[PDB]
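Chains, contacts and geometry: an overview
Each chain, letter by letter, is given below.
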Amino acid sequence: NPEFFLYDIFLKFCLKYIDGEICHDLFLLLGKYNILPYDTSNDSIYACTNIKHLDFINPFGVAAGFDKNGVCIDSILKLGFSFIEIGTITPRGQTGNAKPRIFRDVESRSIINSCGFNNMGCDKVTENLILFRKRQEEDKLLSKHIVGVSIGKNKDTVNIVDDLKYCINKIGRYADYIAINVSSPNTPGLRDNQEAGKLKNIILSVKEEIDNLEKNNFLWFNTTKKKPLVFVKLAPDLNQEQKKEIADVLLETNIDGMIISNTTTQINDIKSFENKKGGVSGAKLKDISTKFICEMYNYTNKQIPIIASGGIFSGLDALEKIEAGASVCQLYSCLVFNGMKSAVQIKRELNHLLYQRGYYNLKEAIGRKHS
Ligand SMILES: Cc1cc2nc3c(=O)[nH]c(=O)nc-3n(C[C@H](O)[C@H](O)[C@H](O)COP(=O)(O)O)c2cc1C
Ligand SMILES: Cc1nc(Nc2ccc(C(F)(F)F)cc2)c2c(C)noc2n1
Ligand SMILES: O=C(O)c1cc(=O)[nH]c(=O)[nH]1
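Residues numbered from 1 in each chain as written, not as in the entry; some residues may be left out. Chains lettered and ligands numbered in written order. Heavy atoms only, no water.

- For this deposited structure, the header cites X-ray crystallography as the method used and 1.99 Å as the resolution.

- By the naming in the PDB entry, the protein chain goes by Dihydroorotate dehydrogenase (quinone), mitochondrial and is assigned to Plasmodium falciparum.
- The record in UniProt for the protein chain states the following under Function: "Catalyzes the conversion of dihydroorotate to orotate with quinone as electron acceptor."
- In its Pathway section, the UniProt entry covering the protein chain states "Pyrimidine metabolism; UMP biosynthesis via de novo pathway; orotate from (S)-dihydroorotate (quinone route): step 1/1." (UniProt positions renumbered as here; feature names shortened; annotations may be inferred.)

Below, the structure written as structure tokens:
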């Protein structure tokens with residue numbers, strides 16, 4: 001169904017003549033009224049994966065910033081994804097940086113964005129997630145599907161921890177995991193929070209808040225029925241010293257996983273993006289991103305589970321990430337250039353590769369580039 005030739009003509013048209021953010025908001029509106037195609041495929045028991053008690057039905061999810069407001073959870077998951085990370089949300093809603101702020105280069109399969117955490121705010125998005133969680137009770141088809149929540153700060157917030165605590169206290173209960181966003185290049189100066197000392201306090205404060213949801217306040221209205229796991233999303237634009245210092249902090253603070261990685265500000269060779277501001281995603285991010293997984297997988301001594309992002313388009317791309325050290329993959333740019341067929345196709349390419357490469361299951365491929 002998501003491989004119907006009609007959708008591919010519509011996307012190729014959208015990519016040529018319609019503004020990126022308009023395409024995205026149109027496709028979200030289509031999902032809001034459940035008019036998008038479904039995935040009928042029964043996923044391979046050999047391509048299943050996990051991060052602690054998080055049981056992924058397949059290794060593919062949707063990266064944060066796709067359904068920022070959690071208005072399209074049901075539809076996006078039904079395209080063939082095991083999970084979705086909603087947000088990044090901020091306590092108060094934001095309209096973001098000036099439009100147009102999303103640009104594409106189809107030849108390089110790359111995207112640049114300067115969104116600036118546009119969202120309805122923690123409270124409205126929590127209302128949107130509560131509605132999905134009530135739908136999930138009635139619909140057995142969504143019973144095993146996972147929902148993460150990416151949390152950040154409002155532009156003008158001096159102390160990030162205040163905003164992270166606010167979000168946990170409102171939406172924590174309905175999340176399977178929380179992703180701490182300290183890596184957006186579009187909120188000055190969010191990336192400073194990746195310094196080891198600041199990151200340690202952020203992790204411990206977030207964890208202390210989740211742990212306190214029990215004491216302060218049935219309680220877990222999520223998939224897992226457990227307190228949410230804590231992940232951290234990191235930027236690829238860091239030196240080796242920084243990556244090591246962060247790795248030590250992750251080991252000490254016992255983070256449940258790491259999202260490697262967010263967009264990059266280090267790409268200079270996209271000609272269409274020369275007059276543009278923000279972070280680059282897509283095919284051009286793949287090598288930078290996979291190298292960062294190897295680095296961190298080794299810096300953390302294989303102790304911290306990895307969530308791969310991005311530059312993932314093919315099964316070969318996904319296998320590369322897995323063998324580098326990732327347990328699950330997240331897609332964003334793939335849905336933009338490949339469209340609705342993304343999940344169904346990538347799941348197939350990977351299954352074929354797992355057989356071809358002589359792996360019994362995906363779990364055996366994790367970190368296999370490292371002896
Ligand atoms: C328009 C746009 C908005 C994004 N918004 C977010 C966000 O709110 N939070 C976040 O953690 N990442 C955000 N990202 C980053 C993606 O989640 C992903 O990490 C990145 O695009 C790299 O993966 P890709 O090459 O598969 O696109 C955004 C990316 C794009 C293109
Ligand atoms: C053509 C196009 N599509 C975009 N978004 C988008 C694509 C597919 C789906 C769907 F899989 F149908 F759910 C949802 C959203 C973006 C974005 C983001 N930026 O430029 C785009 N340009
Ligand atoms: O809102 C944004 O612009 C955004 C957030 C994020 O974490 N990454 C990105 O590239 N954009």
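**What about the site of ligand 2?**
- Near ligand 2, the surroundings consist of 15 residues, among which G20, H24, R104, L335 and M340 are the closest.
- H24 has a polar side-chain atom sitting 3.2 Å from a nitrogen atom of ligand 2.
- Mapped by element, the contributors of at least two residues to the shell around ligand 2 are α1 (5–17), α2 (20–32), β5 (102–105) and α10 (333–337).
- For the shell around ligand 2, the per-class residue count stands at twelve nonpolar, two polar and one charged. (Near = heavy atom within 4 Å. Polar contact = N/O pair within 3.5 Å; in protein donor to acceptor, adjacent residues only side chain to side chain. Helix = DSSP H or I, 4+ residues; strand = E, 2+ residues; numbered from the N terminus. Nonpolar A, V, L, I, M, F, W, Y, C, P; charged D, E, K, R; others polar.)

**Re the nonpolar core**
- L129, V149, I180, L250 and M296 are the most contacted members of the largest nonpolar core, which totals 94 residues.
- A per-element tally of this core places helix α6 (residues 196–216) first, with seven residues.
- Those residues within four positions of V149 in sequence are excluded, and the remaining contacts are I86, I89, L129, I171, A175, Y177, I178 and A179.
- Membership of the second largest hydrophobic core comes to twelve residues, among which are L54, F83, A179 and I307. (Core = buried A, V, L, I, M, F, W, Y, C linked by side-chain atoms within 4.5 Å. Buried < 20%, exposed > 50% of the residue type's maximum accessible area, 1.4 Å probe, protein only. Contact = heavy atoms within 4.5 Å.)

**Here we look at the site of ligand 1**
- For ligand 1, the set of nearby residues contains 23 residues, the closest of which are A64, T88, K233, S281 and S333.
- Take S309: an N or O atom from its side chain is 2.8 Å from an oxygen atom of ligand 1.
- The fraction of the free accessible surface of ligand 1 (620 Å²) that becomes covered by protein chains is 97%.
- Elements represented by at least two residues in the shell around ligand 1 include exactly β4 (83–89), β6 (110–113) and β11 (279–282).
- Classifying every residue of the shell around ligand 1 by side-chain character gives seven nonpolar, 14 polar and two charged. (Areas by Shrake-Rupley, 256 points an atom, 1.4 Å probe, with all protein chains shown as cover.)

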